[PDB]
2 protein chains.
Amino acid sequence: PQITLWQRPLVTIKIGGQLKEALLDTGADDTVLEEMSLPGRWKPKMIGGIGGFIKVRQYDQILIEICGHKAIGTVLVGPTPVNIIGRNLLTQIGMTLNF
Amino acid sequence: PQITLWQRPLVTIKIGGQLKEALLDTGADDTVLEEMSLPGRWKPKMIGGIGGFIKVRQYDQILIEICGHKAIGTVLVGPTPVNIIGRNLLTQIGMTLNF
Ligand SMILES: CC(C)(C[C@]1(c2ccc(-c3cnn(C4CC4)n3)cc2)NC(=N)N([C@H](COC(=O)NC2(C(F)F)CC2)c2ccc(Cl)c(-c3ncnn3C(F)F)c2)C1=O)C(F)(F)F
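Residues numbered from 1 in each chain as written, not as in the entry; some residues may be left out. Chains lettered and ligands numbered in written order. Heavy atoms only, no water.

Structure determination for this PDB entry is given in the record as X-ray crystallography, at a resolution of 1.30 Å.

S.K.: When you look at the site of the ligand in this model, what are you seeing that I'm missing?
M.R.: Around the ligand lies a shell of 25 residues, among which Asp25(A), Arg8(B), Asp25(B), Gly48(B) and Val82(B) are the nearest. Around the ligand the close residues trace back to chains A and B. The contact in question runs from a nitrogen atom of the ligand to an N or O atom on the backbone of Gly27(A), over 3.1 Å. Coverage of the ligand by the protein amounts to 85% of the 900 Å² it exposes when considered alone. At a threshold of 2 Å from the grid points, most atoms of the ligand map onto the largest pocket. Of all elements in the fold, only β5 (42-49) of chain A together with β5 (43-48) of chain B reach the threshold of two or more residues within the shell around the ligand. A per-element tally of the shell around the ligand places β5(A) first, with three residues. (Near = heavy atom within 4 Å. Polar contact = N/O pair within 3.5 Å; in protein donor to acceptor, adjacent residues only side chain to side chain. Areas by Shrake-Rupley, 256 points an atom, 1.4 Å probe, with all protein chains shown as cover. 1 Å grid on protein atoms, 1.4 Å probe; cavity = no way out; pocket = protein on both sides within 12 Å on 5 of 7 lines; lining within 4 Å. Sits in = over half its atoms within 2 Å of the grid points. Helix = DSSP H or I, 4+ residues; strand = E, 2+ residues; numbered from the N terminus.)

S.K.: How should I be thinking about the relation of the copies chain A and chain B in this particular structure?
M.R.: Each copy of the chain is related to the other by a rotation around an axis and a translation along that axis. Placing chain A over chain B gives an RMSD of 0.8 Å and needs a rotation angle of 177°, together with 0.2 Å of translation along the axis. In the structure described here, the two chain copies are related by an operation that fits a two-fold rotation axis. Mapped onto chain B, 97% of the interface residues of chain A again fall at the interface, so both copies present the same surface. (Least-squares fit on C-alpha atoms. Contact = heavy atoms within 4.5 Å.)

S.K.: Please clarify how unusual backbone geometry should be interpreted in this entry.
M.R.: With the exception of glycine, the majority of residues adopt a negative phi angle, and the majority of peptide bonds are in the trans configuration. A positive phi angle, close to 65°, is found at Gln61(A), a residue other than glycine. Since its relative accessible area comes to 73%, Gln61(A) is described here as exposed. (Buried < 20%, exposed > 50% of the residue type's maximum accessible area, 1.4 Å probe, protein only.)

S.K.: Before we go on, may I ask you to explain the interface of chain A and chain B in this structure?
M.R.: Put simply, an interface is often sized by how much accessible area is lost when its parts join up. Counting from both sides, the interface comprises 37 residues of chain A and, opposite them, 39 residues of chain B. Contact between chain A and chain B buries roughly 3,600 Å² in total, counting both sides, with carbon and sulfur atoms accounting for 62%. Linking chain A with chain B are two salt bridges, by the criterion used here. Where chain A touches chain B, the interface holds 25 residue pairs in polar contact. When residues of the side of chain A that touches chain B are traced back to their parent elements, those giving at least two are β1 (2-3), β3 (18-24), β5, β6 (52-66), α1 (87-90) and β9 (96-98) of chain A. Grouping the constituent residues of the side of chain A that touches chain B by class yields 18 nonpolar, 15 polar and four charged. For β1(A) and strand β9 (residues 96-98) of chain B, the ladder comprises two bridges, and the chain directions are antiparallel. Across the sheet, residue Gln2(A) finds its bridge partner in β9(B), namely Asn98(B). (Buried area = accessible area lost by both parts, 1.4 Å probe. Salt bridge = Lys/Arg side-chain N within 4 Å of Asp/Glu carboxyl O. Nonpolar A, V, L, I, M, F, W, Y, C, P; charged D, E, K, R; others polar. Pairing = 2+ DSSP bridges.)

S.K.: Where do I start with the nonpolar core in this structure?
M.R.: In summary, soluble globular proteins display a tendency toward joint burial of nonpolar side chains. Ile66(A), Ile64(B) and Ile66(B) are the most contacted members of the largest nonpolar core, which has 46 residues in total. Beyond its immediate sequence surroundings of up to four residues, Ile66(B) is in contact with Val11(B), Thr12(B), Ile13(B), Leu24(B), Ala71(B), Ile85(B), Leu89(B) and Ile93(B). (Core = buried A, V, L, I, M, F, W, Y, C linked by side-chain atoms within 4.5 Å.)

S.K.: Before we go on, may I ask you to explain the pattern of salt bridges in this structure?
M.R.: It is possible for side chains of opposite charge to pair when their charged atoms get near one another. All names here are of chain A. If you walk through the whole model with that rule in mind, you get eight salt bridges over all chains. Notably, a salt bridge pairs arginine 57 with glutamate 35, separated by 2.8 Å at the nearest N-O pair. Within this pair, whereas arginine 57 is found in strand β6, its partner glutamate 35 is found in the loop between β4 (31-33) and β5, the two being separated by 22 residues in sequence. Taking the shortest distance from any N to any O, the salt bridge between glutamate 65 and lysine 70 comes out at 2.7 Å. Relative accessible area serves as the criterion here: at 33%, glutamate 65 is assigned to the partly exposed category.

Take a look at the structure:
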């Protein structure tokens, strides 16, 4: 499919038993989700964007259902104002920019 | 052309007659550039949400060329991690996400 950019490109994902709305974000290196429970070990990280930085927990090897795919990747969990699918997952579903 | 997402989608832009590197950012509503001089008057805008908010200068109807595609639109100037081409200009150049 083709997703135009007249509006924020939002999709529904399934992760950790939960459904979430998230933004397809080519400006994000990694996926960042609002606070939620995830399995496995994690390590703290600081991530920067407009306005400064927030502290998040980094989980690796997380399965996310998105755009008809089952993709594996890193998920950062913390006080993000929006759920974000970053490039680390976008590549796995074959998403590209085209013009 | 098609741009994959294994690396940051950095491209060359031209603004004010000068070449700069900028990030094609589907997660950005707006285009925000590192400090530079632009013509005319500006108006205030507040953007952000990652650890805080930043004041930026908003300039309207600015000529900016992105990968050879000429656009004219709103450019914000302020303290951004890197020059960002947001959806306001990605739409002008016909950019979409595809999978
Ligand atoms: C992954 C990050 C970087 C977060 C981030 C994001 C996206 C959407 C919202 C969002 C949407 N709705 N809401 C509100 C309703 C609740 N919040 C909030 C944050 N995603 C993204 N692409 N951008 C860029 C900056 O990206 C970068 O710096 N990239 C990097 C590169 F430069 F190196 C990696 C640094 C950007 C530029 C210019 C603008 Cl105007 C906007 C923008 N559009 C809308 N709001 N904003 C706001 F941010 F100003 C975003 C982000 O800041 C991270 F890491 F912080 F989480």
